[PDB]
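Visitor: Submitted below is the structure of interest, expressed as structure tokens.
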Amino acid sequence: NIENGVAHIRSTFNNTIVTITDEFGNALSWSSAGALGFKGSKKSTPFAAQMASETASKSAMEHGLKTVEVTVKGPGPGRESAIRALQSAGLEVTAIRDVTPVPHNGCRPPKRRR
Amino acid sequence: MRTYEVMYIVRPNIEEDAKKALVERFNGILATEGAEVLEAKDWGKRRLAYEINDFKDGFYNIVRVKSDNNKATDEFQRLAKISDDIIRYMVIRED
Amino acid sequence: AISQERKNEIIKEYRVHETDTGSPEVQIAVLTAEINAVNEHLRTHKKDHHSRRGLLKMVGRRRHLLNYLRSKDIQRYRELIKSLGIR
Amino acid sequence: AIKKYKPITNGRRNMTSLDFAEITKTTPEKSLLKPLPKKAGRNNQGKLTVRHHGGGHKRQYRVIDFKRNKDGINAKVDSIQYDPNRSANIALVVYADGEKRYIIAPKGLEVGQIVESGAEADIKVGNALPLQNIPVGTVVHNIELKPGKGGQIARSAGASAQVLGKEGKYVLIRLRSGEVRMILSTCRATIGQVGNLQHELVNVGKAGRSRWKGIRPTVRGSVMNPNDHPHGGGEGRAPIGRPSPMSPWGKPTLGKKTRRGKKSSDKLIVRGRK
Amino acid sequence: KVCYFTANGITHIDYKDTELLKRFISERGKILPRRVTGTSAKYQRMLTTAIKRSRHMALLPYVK
RNA sequence: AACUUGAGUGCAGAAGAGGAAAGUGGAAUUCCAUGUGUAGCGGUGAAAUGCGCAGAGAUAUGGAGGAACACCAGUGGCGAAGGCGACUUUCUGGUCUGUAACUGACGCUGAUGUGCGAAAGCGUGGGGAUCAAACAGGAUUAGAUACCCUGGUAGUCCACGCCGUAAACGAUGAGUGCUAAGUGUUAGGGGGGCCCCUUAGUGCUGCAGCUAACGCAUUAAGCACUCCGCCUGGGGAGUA
């Protein structure tokens, strides 16, 4: 394409899955922190998210991407480093919307640890 | 004795000739079995806050009725459910 | 339960004198209509245990008012027991 | 409802029967009754083809309107009656100008209710109208499969299909088994579930009461001789000594799918069950 | 702070009055706590009812 | 025989997730079908089982089904208690305020009795998304039939019945009256947005007084009167 390809970032307490798709929800490329050789307790780190984002960002430029919408889904440590890893590659981040699903109840949350 | 306000939404793609055919008939049941409809207003094609059956807009009609039988409003909701033109309705007892 | 207009005809029917609302002939009669109304309601909504509890309090109030009336004068007790159908 | 007999006899301990309270007339009509001479499993040659079928109480056939096609003329329910040839009850209906015919009794059809066939009909219990005019989500019984043939699908006590959606010339319908399928839109149904919903909860009790509906005893194959059945033979009681339980005529019986392939209905079954 | 339902005298909050309701729905349609809006306890209840009626009739967004 | 203050009724008002039935919604989870998509996903303290390469995870659209109702939401409200939170309608219970129109003690408590009664459990018939006793593994340990992880059955949901137990607790029976205050909040009333007074709830400090102490203190565990239930060292034993 030319531009307007949204990027979905899944930052959790584990690896950060970063995927770059077009505006109509068609995946171009993707790169998680686990696909970069990162071991556990490395996967959920700001450093790993930095390479995780730009690794998929370079694959986007081959299709000619000049506009990204950052849709972040998850409460993970590697969120902000991921977004600054997209501007550092020159992807012209327009919007920062959080899409972490919030149930209006209606499901039994899995039991917590002990 | 009991006073009801009925608001229903008609789909925004209805044929204009069929719109008066539906609004006439549906305020028709609201005047049966002792019902004495007082107001019958049109609110126009407003923007819906969210998509309803893949619709972004819709016609709003508000009809206020008064009857001590309540079966006029139940007959409305029975037929409003069946009809594919009405996509949302609500009956409020006003006191 | 019974509407206010419905209650008034029961008041007028069994009132001892005019402007009487608290005699144990109108109170008993009003409760009898009220008791039958909740009884009819519970024929459909059988498990309305919370409403049924208020019915038992009404039955007790009428029963105590009937005991008081009998202990006062038996004639008015006999007239009230037959008009209302109470056994 | 179900009446539980008191254990006055052993052969009658856990017996149960239908209270027959929804029925209103206990006698048929001379003009809508034709003869049914029991055949008992025998064919055009005279040989037993289906088994476990034999003597039973006589029964008169009651002609039913499975193809509800009197369109426009209204009909009154005169009496809900008992039918011996089916699980559900039948209802006499008198049409607004003189003719009378039987139908299948829906769940809460009451005596004196009005029913209408046609295409301009309302969506109420009993009225029959084509599947192009039946809203998505309605319970329908007596569904046709072919335009004009007559209801075939969903006709036994407690049978109900749900119109679930559309395609082009076919409507999607979830039949009682759990199968979603498609039926041509020009075919008729009838709004509502079929009555005698408690027919499935009855207990028979007596051997003889099962031997009054025309059932005959069925012998377990594990006791016939080797020349009578695959499971037969053995000195003593024996397990099934084969890789799979088998059928009298030599064909696997616990799992083998026996639906002919290459049928002209395969393009119409979406998901299946049973 | 002042209620706006007692100050101006409103004794019946109407669910058709979307403009009046949009002052208490924040940025999501989320009902604003009465400490933030300063409406009394009596009017926080009938305002919540009006808002929920408007949401069902698509006069106010559930989420935004 | 007489009387209204007790108790009830009448009239004018008030608030409420009080109960039952039937409908209508939005978010989310799961599964299914496709489009894009490529080598991981997931999880831990580290793992691994596990799901993937037969295309998983992710992403977009659509569909099916079940369950619960974010924000409002609070020492907030209602109910005798258990308990009751999406919205609408229909039946229906209780409570509070004011008035003083009516009856003139019609009241309290209450053995036996008769009903209601969280979860779990049972029967019948449905339903089954999520979470899951038990069960399977994978780990940690010296061992781990446990905490951790991966799944997973009954159950969790509905309709009828049955069960009748909970740290069912304010660990505080019900009714009535009296006895310093201060300051809140909920629902009303009357006077001069503010102030004063007042009724009924719900809170926090705090006097007298009580207590072994902790503490309670006008919502007593203080001062009095009526009625019921219960206790008489710990085990054996809530067992015969």
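Labels used: A, B, ... for chains in the order of the structure tokens, numbers from 1 for residues in each chain, and numbers from 1 for ligands as shown.
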So that I can check the surroundings of residue 52 of chain B, please list as a PDB file with N, CA and C atoms, in the first residue's frame every protein, DNA and RNA residue that reaches within 9 Å of it, counting only C-alpha atoms (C1' of nucleotides) and ignoring chain neighbours fewer than 6 positions away.

Guide:
```
ATOM      1  N   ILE B  87     -36.717  -1.509  14.898  1.00  0.00           N
ATOM      2  CA  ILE B  87     -35.500  -2.162  15.365  1.00  0.00           C
ATOM      3  C   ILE B  87     -35.249  -1.953  16.854  1.00  0.00           C
ATOM      4  N   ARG B  88     -36.034  -1.106  17.517  1.00  0.00           N
ATOM      5  CA  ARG B  88     -35.882  -0.863  18.943  1.00  0.00           C
ATOM      6  C   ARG B  88     -37.115  -0.127  19.439  1.00  0.00           C
TER       7      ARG B  88
ATOM      8  N   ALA E  58     -30.474   4.089  22.360  1.00  0.00           N
ATOM      9  CA  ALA E  58     -29.420   4.533  21.445  1.00  0.00           C
ATOM     10  C   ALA E  58     -29.357   6.055  21.342  1.00  0.00           C
TER      11      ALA E  58
END
```

Visitor: Residues of chain C within 9 Å of chain F, counting only C-alpha atoms (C1' of nucleotides) - could you list those as JSON, numbers by chain?

Guide: {"C": [1, 19, 20, 21, 22, 23, 24, 26, 27, 38, 41, 42, 44, 45, 46, 47, 48, 49, 50, 51, 52, 53, 54, 55, 61, 64, 65, 67, 68, 69]}

Visitor: Could you list, as JSON, numbers by chain, every residue within 8 Å of residue 68 of chain B, counting only C-alpha atoms (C1' of nucleotides) and ignoring same-chain residues fewer than 5 positions away?

Guide: {"B": [1, 2, 34, 35]}

Visitor: Please identify all residues of chain F having at least one atom at most 10 Å from any atom of chain B, considering only C-alpha atoms (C1' of nucleotides), and return them as a list in words.

Guide: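 Here they are: residues 23, 24, 25, 26, 87, 88, 89 and 90 of chain F.
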
Visitor: If we count only C-alpha atoms, which residues of chain B reach to within 9 Å of chain D? Please list them as an MDAnalysis selection string.

Guide: chainID B and resid 82:84

Visitor: Can you list, as a ChimeraX atom specification, every residue of chain B that DSSP puts in strand (DSSP E)?

Guide: /B:3-10,39-47,57-66,86-94

Visitor: Write out as a ChimeraX atom specification which residues come within 10 Å of residue 61 of chain A when counting only C-alpha atoms (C1' of nucleotides), dropping same-chain ones fewer than 4 positions away.

Guide: /A:1-3,56-57,65-66,89-91

Visitor: With a distance threshold of 12 Å and counting only C-alpha atoms (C1' of nucleotides), extract the residues of chain F near chain A and express them as a ChimeraX atom specification.

Guide: /F:26-30,35-47,57-61,66-71,86,129-132,146-149,156

Visitor: For the residues selected in the previous step, produce a file with C-alpha atoms (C1' of nucleotides) as a PDB file, in the first residue's frame.

Guide:
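Saved the output as selection_35.pdb:
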```pdb
ATOM      1  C1'   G F  26     -24.669  -3.470  25.588  1.00  0.00           C
ATOM      2  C1'   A F  27     -19.696  -5.092  26.879  1.00  0.00           C
ATOM      3  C1'   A F  28     -16.912  -9.522  27.481  1.00  0.00           C
ATOM      4  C1'   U F  29     -15.479 -15.152  27.293  1.00  0.00           C
ATOM      5  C1'   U F  30     -15.723 -19.626  24.353  1.00  0.00           C
ATOM      6  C1'   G F  35      -9.621 -13.171   4.448  1.00  0.00           C
ATOM      7  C1'   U F  36      -4.751 -11.623   5.690  1.00  0.00           C
ATOM      8  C1'   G F  37      -0.812 -13.821   7.945  1.00  0.00           C
ATOM      9  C1'   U F  38       4.291 -16.864   9.583  1.00  0.00           C
ATOM     10  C1'   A F  39       7.146 -20.046  13.391  1.00  0.00           C
ATOM     11  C1'   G F  40       5.948 -19.735  17.357  1.00  0.00           C
ATOM     12  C1'   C F  41       2.022 -19.354  21.298  1.00  0.00           C
ATOM     13  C1'   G F  42       1.300 -20.047  26.356  1.00  0.00           C
ATOM     14  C1'   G F  43       3.408 -20.437  31.410  1.00  0.00           C
ATOM     15  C1'   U F  44       7.094 -20.051  35.616  1.00  0.00           C
ATOM     16  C1'   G F  45      11.285 -18.269  40.312  1.00  0.00           C
ATOM     17  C1'   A F  46      13.320 -21.304  36.372  1.00  0.00           C
ATOM     18  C1'   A F  47      10.910 -24.990  33.675  1.00  0.00           C
ATOM     19  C1'   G F  57      -1.097 -17.170  18.296  1.00  0.00           C
ATOM     20  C1'   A F  58      -2.481 -12.334  16.169  1.00  0.00           C
ATOM     21  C1'   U F  59      -5.684  -9.542  13.233  1.00  0.00           C
ATOM     22  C1'   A F  60     -10.854  -8.358  10.485  1.00  0.00           C
ATOM     23  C1'   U F  61     -15.701  -9.719   9.472  1.00  0.00           C
ATOM     24  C1'   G F  66     -24.555 -19.955  27.794  1.00  0.00           C
ATOM     25  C1'   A F  67     -23.731 -17.063  32.038  1.00  0.00           C
ATOM     26  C1'   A F  68     -23.205 -12.369  34.677  1.00  0.00           C
ATOM     27  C1'   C F  69     -24.810  -7.293  34.537  1.00  0.00           C
ATOM     28  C1'   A F  70     -18.479  -2.465  34.134  1.00  0.00           C
ATOM     29  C1'   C F  71     -19.269   3.057  34.956  1.00  0.00           C
ATOM     30  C1'   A F  86     -28.455  -3.903  33.295  1.00  0.00           C
ATOM     31  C1'   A F 129     -20.276 -20.312  27.532  1.00  0.00           C
ATOM     32  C1'   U F 130     -16.775 -19.321  31.936  1.00  0.00           C
ATOM     33  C1'   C F 131     -14.567 -21.284  36.268  1.00  0.00           C
ATOM     34  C1'   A F 132     -13.840 -25.427  38.120  1.00  0.00           C
ATOM     35  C1'   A F 146      -0.206 -30.184  48.280  1.00  0.00           C
ATOM     36  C1'   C F 147       0.629 -25.093  47.144  1.00  0.00           C
ATOM     37  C1'   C F 148       2.872 -23.471  40.761  1.00  0.00           C
ATOM     38  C1'   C F 149       1.500 -24.688  35.454  1.00  0.00           C
ATOM     39  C1'   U F 156     -21.850 -23.756  38.716  1.00  0.00           C
TER      40        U F 156
END
```

Visitor: In Å, with one decimal, what is the gap from atom CA of residue 78 of chain A to atom CA of residue 16 of chain A?

Guide: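 Straight-line distance from atom CA of residue 78 of chain A to atom CA of residue 16 of chain A works out to 6.5 Å.
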
Visitor: To test your reading of the structure, identify every residue in chain C that backbone DSSP assigns to alpha helix (DSSP H), and report it as an NGL selection string.

Guide: :C and (4-14 or 26-44 or 49-72 or 74-83)

Visitor: Would you mind listing what lies within 7 Å of segment 26-37 of chain D as a ChimeraX atom specification, with only C-alpha atoms (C1' of nucleotides) counted and same-chain residues fewer than 6 positions away left out?

Guide: /D:59-63,81

Visitor: Those same residues, written as a PDB file, in the first residue's frame with N, CA and C atoms?

Guide:
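Done, and the output landed in result34.pdb:
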```
ATOM      1  N   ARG D  59     -57.636 -50.090  15.234  1.00  0.00           N
ATOM      2  CA  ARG D  59     -57.523 -48.643  15.182  1.00  0.00           C
ATOM      3  C   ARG D  59     -58.124 -48.144  13.886  1.00  0.00           C
ATOM      4  N   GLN D  60     -58.888 -47.068  13.973  1.00  0.00           N
ATOM      5  CA  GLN D  60     -59.368 -46.388  12.783  1.00  0.00           C
ATOM      6  C   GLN D  60     -58.441 -45.231  12.445  1.00  0.00           C
ATOM      7  N   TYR D  61     -58.159 -45.068  11.156  1.00  0.00           N
ATOM      8  CA  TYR D  61     -57.357 -43.937  10.722  1.00  0.00           C
ATOM      9  C   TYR D  61     -58.178 -42.659  10.700  1.00  0.00           C
ATOM     10  N   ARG D  62     -57.570 -41.581  11.188  1.00  0.00           N
ATOM     11  CA  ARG D  62     -58.192 -40.262  11.206  1.00  0.00           C
ATOM     12  C   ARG D  62     -57.479 -39.385  10.186  1.00  0.00           C
ATOM     13  N   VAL D  63     -58.023 -39.194   8.988  1.00  0.00           N
ATOM     14  CA  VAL D  63     -57.391 -38.259   8.008  1.00  0.00           C
ATOM     15  C   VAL D  63     -56.983 -36.858   8.484  1.00  0.00           C
ATOM     16  N   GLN D  81     -59.060 -33.980  20.314  1.00  0.00           N
ATOM     17  CA  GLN D  81     -59.341 -35.372  20.516  1.00  0.00           C
ATOM     18  C   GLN D  81     -58.166 -36.298  20.636  1.00  0.00           C
TER      19      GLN D  81
END
```

Visitor: Quick one: residues within 10 Å of residue 170 of chain D, only C-alpha atoms (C1' of nucleotides) counted, chain neighbours fewer than 4 positions away excluded, as a list in words?

Guide: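 The residues that qualify are residues 131, 132, 165, 166, 181, 182, 183, 184, 185, 186, 187 and 268 of chain D.
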
Visitor: Those same residues, written as a PDB file, in the first residue's frame with C-alpha atoms?

Guide:
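Below is the file part-v7.pdb, written as the result:
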```
ATOM      1  CA  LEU D 131     -41.546 -20.232   5.250  1.00  0.00           C
ATOM      2  CA  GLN D 132     -40.852 -17.037   3.273  1.00  0.00           C
ATOM      3  CA  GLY D 165     -31.984 -17.611   8.850  1.00  0.00           C
ATOM      4  CA  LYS D 166     -32.141 -17.278   5.068  1.00  0.00           C
ATOM      5  CA  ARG D 181     -30.680 -27.861   7.291  1.00  0.00           C
ATOM      6  CA  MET D 182     -32.320 -25.954   4.457  1.00  0.00           C
ATOM      7  CA  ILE D 183     -36.016 -26.310   3.162  1.00  0.00           C
ATOM      8  CA  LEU D 184     -37.424 -24.497   0.071  1.00  0.00           C
ATOM      9  CA  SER D 185     -39.229 -21.235   0.966  1.00  0.00           C
ATOM     10  CA  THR D 186     -42.446 -22.095  -0.940  1.00  0.00           C
ATOM     11  CA  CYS D 187     -43.055 -24.958   1.620  1.00  0.00           C
ATOM     12  CA  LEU D 268     -28.588 -28.873   1.971  1.00  0.00           C
TER      13      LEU D 268
END
```

Visitor: What residues in chain B have any atom no more than 12 Å from chain E when counting only C-alpha atoms, and can you write them as an MDAnalysis selection string?

Guide: chainID B and resid 5:10 43 46:52 55:62 87:92 94:95
